[PDB]
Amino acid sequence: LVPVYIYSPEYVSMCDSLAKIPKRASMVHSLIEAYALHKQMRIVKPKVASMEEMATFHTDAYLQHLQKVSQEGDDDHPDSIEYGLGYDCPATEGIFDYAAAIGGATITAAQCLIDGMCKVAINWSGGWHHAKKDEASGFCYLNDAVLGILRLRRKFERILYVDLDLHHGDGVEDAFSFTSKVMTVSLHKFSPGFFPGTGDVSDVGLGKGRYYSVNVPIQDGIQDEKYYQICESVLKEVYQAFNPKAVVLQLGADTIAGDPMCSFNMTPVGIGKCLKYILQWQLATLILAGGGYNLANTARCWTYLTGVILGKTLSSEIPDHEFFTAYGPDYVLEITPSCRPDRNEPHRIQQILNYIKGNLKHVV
């Protein structure tokens, strides 16, 4: 029926106290609210994830250590480095409750999908795709995307994970790399020295999960038209070969022109065409956020995509609201691609697609 929107004022406040995206959650919700899109959705308060729900993926030793160091924010504990806590993922005070709130919000969205409350459920504070079962990684302490998929596996027999973040969704792919019940598809920048360094087209999963991982390595400067051509080509073949019953879609906005990552050169319109293509499958769909470090452009992107989900065309002027002064110098919703080259050679892209086409022939 109506798409579910995972939201509460306390959840956004909890998300807002995050070292890496300060006030991002407030800016996203407040722009969505300023366009009145929340009136067209079913607002659902997130439950926080129990220990047993987090342990569907993460080990008990990791969870208990995260819980301990989160007490005083002790970031000198001797075992922290063994769990990936330190540089990118400091053991700050309250980090465990913060991670459990976000994980629980993604689980809540998945539970809404199982219960038939909706066919699209949105958590614009989720998508933390780097965390492994026993190790934090790339600013991710818990892998809410994995937790969401595992919740959807209570009902759905084949789940398609699509990861459109700038970065390779290595934590999700690693979680499911030995199984054929969950297919992972990631489009991402892949370049020697670019985080996390995995996800070449030759990485196709392991064992019984061989060919149930799809990786599309892409180079700097890609724009909307070519990105959609790649994405539609891959998802068309994946949908035919895999026949998913549900979809989890990670829509990190660090691909968008103006992001400090300064890598891809996308606008939300291009990401929106990929989203529209997945939406016409009419499957249960769990929508997650991800990266995005130009805060106004990130709000622009996820608001526009919320309008796409609702089939609404939005006014170009950013409406008057709390963060209006952040949308300069132009104060419009549309984003202009930067003037810099697309480094993607058409023949390399086509060779990549041919490989994936061959890998997918093996798919059942």
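Counting begins at 1, following the sequence as shown.
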{"item": "Average Cα temperature factor in the PDB entry - higher stretch of 61-69, 23-31", "value": "61-69"}
{"item": "Per the entry, higher mean C-alpha B factor between 72-80 and 258-266", "value": "72-80"}
{"item": "Top residue by Cα temperature factor, when 170, 163, 200, 88 are compared in the entry", "value": "88"}
{"item": "Per the PDB entry, maximal CA B factor within 207, 104, 126, 292", "value": "207"}
{"item": "Third of chain Cα B-factors occupied by residue 299", "value": "lowest"}
{"item": "Third of the chain, ranked by Cα B-factor, where residue 132 sits", "value": "middle"}
{"item": "Residue 94 - which third its CA temperature factor falls in, relative to the rest of the chain", "value": "highest"}
{"item": "Among modelled residues of the same chain, the CA temperature factor third for residue 6", "value": "lowest"}
{"item": "Third assignment of residue 112 from its chain's C-alpha B-factors", "value": "highest"}
